[PDB]
Amino acid sequence: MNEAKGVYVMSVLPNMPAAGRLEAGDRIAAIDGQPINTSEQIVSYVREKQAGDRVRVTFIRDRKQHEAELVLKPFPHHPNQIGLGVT
């Protein structure tokens with residue numbers, strides 16, 4: 001009720017921990033209780049956690065706040081990188 005302006009989800013991929021919990025159109029109001037105002041803030045967050053980790057993500061849908069359980073996973077493009085902030 002004061003122009004939040006956070007982050008806009010990307011997509012919903014099958015066989016992923018975000019599927020069924022997070023959907024396209026939903027925004028991120030916070031993570032594990034941390035308020036997100038920048039995309040870079042997400043880079044530090046994932047950096048702290050490693051592959052196989054577990055992070056609680058907050059998102060709002062139609063005024064209905066719900067938490068999403070996402071698991072950090074490495075990427076072939078950058079194996080030395082964990083969670084690039086994808087849904």
# chains A, B, ... in the order shown; residues from 1 in each chain; ligands from 1
>>> select_by_dssp(residues="chain A", states="helix (DSSP H, G or I)", output="PyMOL selection string")
chain A and resi 39-48
>>> select_by_dssp(residues="stretch 5-57 of chain A", states="strand (DSSP E or B)", output="ChimeraX atom specification")
/A:7-8,19,22,27-31,34,55-57
>>> residues_around(residues="residue A:45", least_positions_apart="6", cutoff="12 Å", atoms="only C-alpha atoms", output="PDB file with N, CA, C and O atoms, in the first residue's frame")
ATOM      1  N   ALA A  30       9.997 -10.508  -0.252  1.00  0.00           N
ATOM      2  CA  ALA A  30      11.074 -10.763   0.706  1.00  0.00           C
ATOM      3  C   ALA A  30      11.612 -12.186   0.566  1.00  0.00           C
ATOM      4  O   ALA A  30      10.998 -13.041  -0.076  1.00  0.00           O
ATOM      5  N   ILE A  31      12.753 -12.437   1.217  1.00  0.00           N
ATOM      6  CA  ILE A  31      13.372 -13.767   1.223  1.00  0.00           C
ATOM      7  C   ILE A  31      13.859 -14.103   2.627  1.00  0.00           C
ATOM      8  O   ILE A  31      14.623 -13.353   3.227  1.00  0.00           O
ATOM      9  N   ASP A  32      13.416 -15.249   3.128  1.00  0.00           N
ATOM     10  CA  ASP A  32      13.801 -15.711   4.458  1.00  0.00           C
ATOM     11  C   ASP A  32      13.650 -14.595   5.496  1.00  0.00           C
ATOM     12  O   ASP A  32      14.275 -14.623   6.555  1.00  0.00           O
ATOM     13  N   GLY A  33      12.798 -13.620   5.181  1.00  0.00           N
ATOM     14  CA  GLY A  33      12.533 -12.486   6.082  1.00  0.00           C
ATOM     15  C   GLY A  33      13.300 -11.226   5.661  1.00  0.00           C
ATOM     16  O   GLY A  33      13.108 -10.156   6.237  1.00  0.00           O
ATOM     17  N   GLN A  34      14.176 -11.369   4.668  1.00  0.00           N
ATOM     18  CA  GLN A  34      14.992 -10.248   4.175  1.00  0.00           C
ATOM     19  C   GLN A  34      14.247  -9.456   3.081  1.00  0.00           C
ATOM     20  O   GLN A  34      13.807 -10.051   2.098  1.00  0.00           O
ATOM     21  N   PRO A  35      14.095  -8.144   3.200  1.00  0.00           N
ATOM     22  CA  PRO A  35      13.388  -7.337   2.151  1.00  0.00           C
ATOM     23  C   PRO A  35      14.278  -7.084   0.927  1.00  0.00           C
ATOM     24  O   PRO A  35      15.406  -6.612   1.056  1.00  0.00           O
ATOM     25  N   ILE A  36      13.765  -7.429  -0.261  1.00  0.00           N
ATOM     26  CA  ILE A  36      14.519  -7.266  -1.510  1.00  0.00           C
ATOM     27  C   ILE A  36      14.089  -6.018  -2.277  1.00  0.00           C
ATOM     28  O   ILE A  36      12.934  -5.869  -2.675  1.00  0.00           O
ATOM     29  N   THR A  38      16.716  -4.691  -4.584  1.00  0.00           N
ATOM     30  CA  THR A  38      17.584  -4.744  -5.771  1.00  0.00           C
ATOM     31  C   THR A  38      17.822  -6.180  -6.211  1.00  0.00           C
ATOM     32  O   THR A  38      17.740  -7.116  -5.411  1.00  0.00           O
ATOM     33  N   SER A  39      18.144  -6.344  -7.490  1.00  0.00           N
ATOM     34  CA  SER A  39      18.426  -7.663  -8.038  1.00  0.00           C
ATOM     35  C   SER A  39      19.768  -8.156  -7.511  1.00  0.00           C
ATOM     36  O   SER A  39      19.974  -9.353  -7.323  1.00  0.00           O
ATOM     37  N   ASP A  53      21.200 -26.399  -0.740  1.00  0.00           N
ATOM     38  CA  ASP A  53      20.696 -25.608   0.380  1.00  0.00           C
ATOM     39  C   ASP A  53      19.177 -25.477   0.304  1.00  0.00           C
ATOM     40  O   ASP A  53      18.541 -25.995  -0.610  1.00  0.00           O
ATOM     41  N   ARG A  54      18.603 -24.780   1.281  1.00  0.00           N
ATOM     42  CA  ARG A  54      17.157 -24.566   1.348  1.00  0.00           C
ATOM     43  C   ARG A  54      16.893 -23.139   1.788  1.00  0.00           C
ATOM     44  O   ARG A  54      17.370 -22.705   2.837  1.00  0.00           O
ATOM     45  N   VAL A  55      16.144 -22.410   0.971  1.00  0.00           N
ATOM     46  CA  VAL A  55      15.825 -21.008   1.260  1.00  0.00           C
ATOM     47  C   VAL A  55      14.328 -20.731   1.140  1.00  0.00           C
ATOM     48  O   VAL A  55      13.666 -21.147   0.190  1.00  0.00           O
ATOM     49  N   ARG A  56      13.820 -20.014   2.133  1.00  0.00           N
ATOM     50  CA  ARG A  56      12.409 -19.642   2.188  1.00  0.00           C
ATOM     51  C   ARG A  56      12.224 -18.320   1.446  1.00  0.00           C
ATOM     52  O   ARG A  56      12.873 -17.324   1.767  1.00  0.00           O
ATOM     53  N   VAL A  57      11.355 -18.328   0.433  1.00  0.00           N
ATOM     54  CA  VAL A  57      11.101 -17.127  -0.385  1.00  0.00           C
ATOM     55  C   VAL A  57       9.656 -16.657  -0.233  1.00  0.00           C
ATOM     56  O   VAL A  57       8.722 -17.441  -0.361  1.00  0.00           O
ATOM     57  N   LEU A  72      18.691 -24.420  -3.771  1.00  0.00           N
ATOM     58  CA  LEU A  72      19.785 -23.941  -4.600  1.00  0.00           C
ATOM     59  C   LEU A  72      20.344 -25.069  -5.464  1.00  0.00           C
ATOM     60  O   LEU A  72      20.596 -26.163  -4.965  1.00  0.00           O
ATOM     61  N   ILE A  82      25.909 -20.486  -7.883  1.00  0.00           N
ATOM     62  CA  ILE A  82      24.703 -21.114  -7.323  1.00  0.00           C
ATOM     63  C   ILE A  82      23.545 -20.116  -7.319  1.00  0.00           C
ATOM     64  O   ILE A  82      23.719 -18.977  -6.894  1.00  0.00           O
ATOM     65  N   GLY A  83      22.369 -20.548  -7.774  1.00  0.00           N
ATOM     66  CA  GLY A  83      21.196 -19.678  -7.790  1.00  0.00           C
ATOM     67  C   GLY A  83      21.488 -18.322  -8.423  1.00  0.00           C
ATOM     68  O   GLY A  83      22.131 -17.475  -7.822  1.00  0.00           O
ATOM     69  N   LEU A  84      20.994 -18.112  -9.638  1.00  0.00           N
ATOM     70  CA  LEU A  84      21.184 -16.836 -10.333  1.00  0.00           C
ATOM     71  C   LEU A  84      19.935 -15.977 -10.133  1.00  0.00           C
ATOM     72  O   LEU A  84      19.842 -14.853 -10.629  1.00  0.00           O
ATOM     73  N   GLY A  85      18.982 -16.541  -9.387  1.00  0.00           N
ATOM     74  CA  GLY A  85      17.713 -15.872  -9.086  1.00  0.00           C
ATOM     75  C   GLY A  85      16.651 -16.226 -10.117  1.00  0.00           C
ATOM     76  O   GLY A  85      15.956 -15.353 -10.636  1.00  0.00           O
TER      77      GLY A  85
END
>>> closest_residue(among="A:48, A:23, A:42, A:76", to="residue A:62", atoms="only C-alpha atoms")
A:23
>>> residues_around(residues="residue A:19", least_positions_apart="5", cutoff="12 Å", atoms="only C-alpha atoms", output="PyMOL selection string")
chain A and resi 11-14+24+68-71+86-87
